[PDB]
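Asks: return a 3D structure for these sequence lines:
(chains A and B)
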Amino acid sequence: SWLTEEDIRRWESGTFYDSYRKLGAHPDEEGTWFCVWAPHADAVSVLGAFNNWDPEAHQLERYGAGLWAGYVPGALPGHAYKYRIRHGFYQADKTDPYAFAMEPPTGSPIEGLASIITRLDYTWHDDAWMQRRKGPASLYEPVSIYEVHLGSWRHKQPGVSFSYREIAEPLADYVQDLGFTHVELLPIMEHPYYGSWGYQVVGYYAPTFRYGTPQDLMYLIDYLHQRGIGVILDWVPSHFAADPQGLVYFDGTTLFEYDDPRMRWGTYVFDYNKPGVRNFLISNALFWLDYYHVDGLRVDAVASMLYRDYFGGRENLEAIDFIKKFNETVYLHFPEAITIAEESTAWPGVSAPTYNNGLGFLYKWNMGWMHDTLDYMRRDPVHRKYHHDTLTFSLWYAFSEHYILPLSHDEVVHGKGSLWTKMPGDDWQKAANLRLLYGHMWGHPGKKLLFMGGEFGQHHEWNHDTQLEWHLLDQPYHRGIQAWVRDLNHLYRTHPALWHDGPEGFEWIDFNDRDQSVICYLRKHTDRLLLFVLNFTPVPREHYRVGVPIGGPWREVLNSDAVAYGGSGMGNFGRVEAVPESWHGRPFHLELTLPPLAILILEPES
Amino acid sequence: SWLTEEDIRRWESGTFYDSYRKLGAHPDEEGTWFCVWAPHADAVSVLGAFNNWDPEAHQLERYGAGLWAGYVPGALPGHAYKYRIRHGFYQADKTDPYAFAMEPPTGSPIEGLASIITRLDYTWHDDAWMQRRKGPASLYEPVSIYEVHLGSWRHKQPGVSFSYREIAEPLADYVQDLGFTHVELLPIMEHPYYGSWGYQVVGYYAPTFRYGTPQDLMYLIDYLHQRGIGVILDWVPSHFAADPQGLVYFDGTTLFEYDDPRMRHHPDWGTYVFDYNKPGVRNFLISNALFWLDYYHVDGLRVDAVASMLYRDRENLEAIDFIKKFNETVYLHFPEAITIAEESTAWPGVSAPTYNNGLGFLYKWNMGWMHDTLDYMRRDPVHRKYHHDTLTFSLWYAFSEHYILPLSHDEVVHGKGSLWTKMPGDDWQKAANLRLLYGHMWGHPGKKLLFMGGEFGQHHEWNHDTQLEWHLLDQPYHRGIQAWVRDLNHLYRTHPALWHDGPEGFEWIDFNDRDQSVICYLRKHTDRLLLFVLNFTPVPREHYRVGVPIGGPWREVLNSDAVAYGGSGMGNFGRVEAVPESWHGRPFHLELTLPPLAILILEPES
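Replies: Numbering: from 1, shown residues only, chains lettered A, B, ... in the order given. Below you will find the coordinate block:
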């Protein structure tokens, strides 16, 4: 038999988190084994070049739990196959839900995306990374994510993306120069419409064909690890793609869909009640962490799962227990994995452990911060006076979850304007505004995420059909933003005062200068201190006194206005002797000159 | 009330493993608390400048469990103090057993040592290291220990050692350059006799004054961590110093020594041995272990002369249970510490968990390997034929425990001769042999330990009263050996095939070329494999064939006979293509040229 009798029982249980070991296509040297979940199927057959595409050649046999199994001699790696499932009167051809690679027969994905029998043999050379990897313990380490869409990042030539293999070395080299710790990849799972960016997924178990083979993707991940970079994958349990050959009405009935019409994006939601659906999804989560050494999983649009109308009420329990058991299972099997959730409701305890009634994610996107911060900085400096509370109040909500600061691709697309485009004033000020924003984002509590091109201050919105405007890296302002982001990341990676985003890690210095739009705050761990002085107005401020707890010489660690970043060059000497009398209720104070639209980061000596 | 009633009960159970929180001298803001264990004392008094050394000025009060405690206003850090204990008719002055710092009023440690009140506030900068310390998992990682006597390493001026601080940057630069992962420091705990090397200990809780303050040592340990170096401390629970004011007959009776007269005399340690029966002794020792890992962030503790604890000549269950609970508490409170033992008997399960009836150490010195290897290469190449079995049979014992292949200070002393001195022939061949020894030791399964000065092959036995013969780094033969060790450690740090010391990590290629004294073996993890071919004769061998598992281009990753190491320059030169001919029972074979007295390490080409 293909299936152990314990297996079937686990599938009925909903506990088969190894299910990729048995479902899908698994080759031998003499043939391939096939296993399908089709509970309301009266018959199932595998069709392929290996058997005349004849529906009667290899009729899989019905086992328990709606599972079908069969062996086909001569079905070999690199063939395409297809399931012909019969629901009573009607018959239909379907793709493998567990397909490990899918490849278009036509050459165009939106036309056809067929399953290919594949062997997943790959040898890793990332032992050192995987032995030192730290998931949940990363709360006390700097986490700086570079978010990437692979096809859009760089083009080998106009309109043709870099392969997985070919992308590895350019991506690793650039990420290391930036100082980013992780790369977040928009969904890699097989999808027909390239314009979906991967969020409409048909092949959950198949890395997209456009950038190479499955093992090509592992080589990329393997390479990135040896270079010391983490890989977080975007994962879409929220919904499945609307493709007829895909998961939609697999048996001729609702299967991955809700059986009930009333509930169910529409219709193309996963029925989290079904034990098989929870199996399929949770196994896929571990599958990526298991076979591809993925460091983290990021779940988007959690609110669409948590509620039903985004006495039973709005909340969907099915989804919350699945989300909870999803996170529990990940951390049980991979204690150093990372789970990130984006939830646009104020659902509490997203970042909380399940045993405290939380969803069990390690991180939550602080999109409130993103909105508030962005709403603040588009406003003209004359007006930032009138909205001072938008900036300062971001910290009242900054500790409700373990948060990642969320500057994201969604923010720079659909008319929202490039981050650069968003900033006000002439070109010098926009580069200044962008340097200030990044400075404040790194100072603000929480982990940092920046999408491709934000590190240049790219002019145009993200277009998936092209590569980012790397040509702007030649004009001075834009290499300066890049130099600024790198220097911020180097400061971030080294100073432990920035690693602790708990309320302990922050102290207010001053937030009352609404008229001058100035903010002074402290970031602390143990003895170590970092002082942040921020000018959101062009008007340079002279003899601006800023209270500090410790006296003595202070150093100017970073100056947003240094010419190396494209600034006016207005700066403190870098040697600053503290005045022994009070300011802002503090024993000493630093008297500085605040450069235009700039951030000063200052540290005491030894 | 200095002592909680919970404090008294835990001390009575011998379960007070934080006992340093309360015993000894603890400075207050206006005075000092003193707490001493003297169960059979009728009176105990604190003497110091802070009371003009008057014995009736501050008489400690008896609490339960024989613990004495009292407060002295005006006793401040940097004050020297003394306990006056009255045993009936007789009175005696004693040092603090829990003294956290000691200094000699005379300025000679032997003539006198004094307990000085110290405050241990120190602000650490080793965040990244200790959040990433792998400890037990280090068994799967490369561990290369550089064993060091701090006073002997380098002298800042003739006959003057470096301070804890002064040594930090010179040593860390050296250890980083040579690629060792950890440094093991010969006992730094306060000791009267410098010539003891620290193994006769008076002040278990005080780092020796010779190199500076406690915080001075903290800077070094902090410093090395920032540089990525682990620190293992040598720890002596077997015996205390035979010093009259020290722990000998502390309260006027046998206290830290065994009460029984027959038990009191032990052949290696004479009258002074720790009475592991006493719960108070168990506290003092296990608290001390945790104290070093707690306040000094040390990564490991290495226990010497474990056989002297286990036997009395036979089994000492007191010592065996103390040993077991020592290891259990260590890993319970500091899961990423490392504990190492040297045992001169074949006692089983030194490296095994207590729950499997082991002693609970993580690592054991492979002294069998050391004696065997040294015995073999001490002998002349003409004779090595007749002792081939001594070389090859070393691996029958290499997987019995988790082993650290150790060449130590004890080997290079007392007329045993330098490692260099140990090797046969003239200087060229001696240097060749030493490159071979290090070559095989890095190839042989197990972690690696090399004592200071061995890395260049210094001539004279290690003399503690002087600094190493660094001037030999000017002569080529020794500068070559140091380069060879560096390259060996780099290979070790980068190749995971050397990290797994299980039997799975080793495969024999051929061992029966006894006549020509050549051995070939494989160090393999997963797909990765490293081929070691060793010629223990000064005649090079040509057209020597070596079987291989995989056929294809192979590269030569290391050649001991490379001119950079002081060698002939003989070698395959790379581009070695396995010949699809069977040899040594293997499918393919390599036709190699074996240089004189040399080690080859070869990798297939990817």
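Asks: and the residue of the stretch 451-600 of chain A found nearest chain B, what are its phi and psi?
Replies: Distances between the stretch 451-600 of chain A and chain B by C-beta to the nearest C-beta are smallest at residue A:527, namely 3.8 Å. No exception for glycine: its C-beta is placed from N, CA and C like everyone else's. Per-residue torsions, residue A:527: phi -70, psi -30 (degrees, to the nearest 10).
Asks: ok, it - contacts?
Replies: By C-beta atoms under 8 Å, 6 or more residues apart in numbering or on different chains, the contact set of residue A:527 is residue B:123.
Asks: ok, now residue A:500?
Replies: Applying C-beta under 8 Å, 6+ apart to residue A:500 gives the contacts A:140, A:525.
Asks: helix/strand/coil for it?
Replies: When classified by DSSP: H, G, I helix; E, B strand; the rest coil, residue A:500 comes out as coil.
Asks: okay, and the residue in the stretch 101-250 of chain A that chain B sits nearest to sits in which element?
Replies: Chain B sits closest to residue A:123 of the stretch 101-250 of chain A, with a gap of 3.9 Å, by C-beta to the nearest C-beta. Assigned by DSSP states H and E, residue A:123 belongs to neither a helix nor a strand.
Asks: what does residue A:282 give?
Replies: Using DSSP H and E, residue A:282 falls within helix A:275-291.
Asks: buried residues, that helix. List them.
Replies: For helix A:275-291, the neighbour count (16 or more other C-beta atoms under 10 Å in any protein chain shown) marks A:276-291 as buried.
Asks: who's in contact with that helix?
Replies: Residues outside helix A:275-291 that contact it (C-beta under 8 Å, 6+ apart) are A:10-20, A:37, A:39, A:65-66, A:97, A:120, A:204-205, A:218, A:233, A:235, A:237, A:255-256, A:270-272, A:294, A:297, A:322, A:325-326, A:329-330, A:333-334, A:337.
Asks: now those residues: which count as buried?
Replies: For the contacts of helix A:275-291, a burial check counting by 16+ other C-beta under 10 Å picks out A:10-12, A:14-20, A:37, A:65-66, A:97, A:120, A:204-205, A:218, A:233, A:235, A:237, A:255-256, A:270-272, A:294, A:297, A:322, A:325-326, A:329-330, A:334, A:337.
Asks: nearest spatial neighbour of the residue of the stretch 101-250 of chain A closest to chain B, skipping sequence neighbours?
Replies: Residue nearest to residue A:123 in three dimensions, not counting chain neighbours: residue B:527, with 3.9 Å by C-beta to C-beta, 6 or more residues apart in numbering or on different chains.
Asks: for chain A, what lies in contact range of chain B?
Replies: Counting by C-beta under 8 Å from any C-beta of the partner chain, chain A comes close to chain B at A:123-125, A:127-128, A:131-132, A:134, A:137, A:140-141, A:496, A:499, A:525-528.
Asks: from those, which land in helices?
Replies: Using DSSP state H, the members of the residues of chain A next to chain B that fall in helices are A:127-128, A:131-132.
Asks: hang on, the earlier thing: between the buried residues of helix A:275-291, which sits nearest residue B:211?
Replies: Nearest to residue B:211 among the buried residues of helix A:275-291 is residue A:289, at 47.9 Å by C-beta to C-beta.
Asks: for the closest one, give its distance to residue A:326.
Replies: 12 Å (C-beta to C-beta, to the nearest Å).
Asks: residue A:262 too?
Replies: Distance check for residue A:262 against residue A:326: by C-beta to C-beta, it reads 25 Å.
Asks: one more: residue A:217?
Replies: For residue A:217, the distance to residue A:326 - C-beta to C-beta - is 22 Å.
Asks: list the contacts for residue A:481?
Replies: Applying C-beta under 8 Å, 6+ apart, the residues near residue A:481 are A:431, A:434-435, A:438, A:455-457, A:565-566.
Asks: taking those together, which two end up most distant?
Replies: Maximum pairwise distance among those (C-beta to C-beta): 13.7 Å, between A:455 and A:566.
Asks: still on that earlier bit, which is the next helix or strand following the helix holding residue A:282?
Replies: strand A:296-299.
Asks: quick one: contacts of that following strand?
Replies: With C-beta under 8 Å, 6+ apart as the contact definition, strand A:296-299 has outside contacts at A:135, A:182, A:184, A:230-238, A:285, A:288-289, A:323, A:330, A:337-342, A:361.
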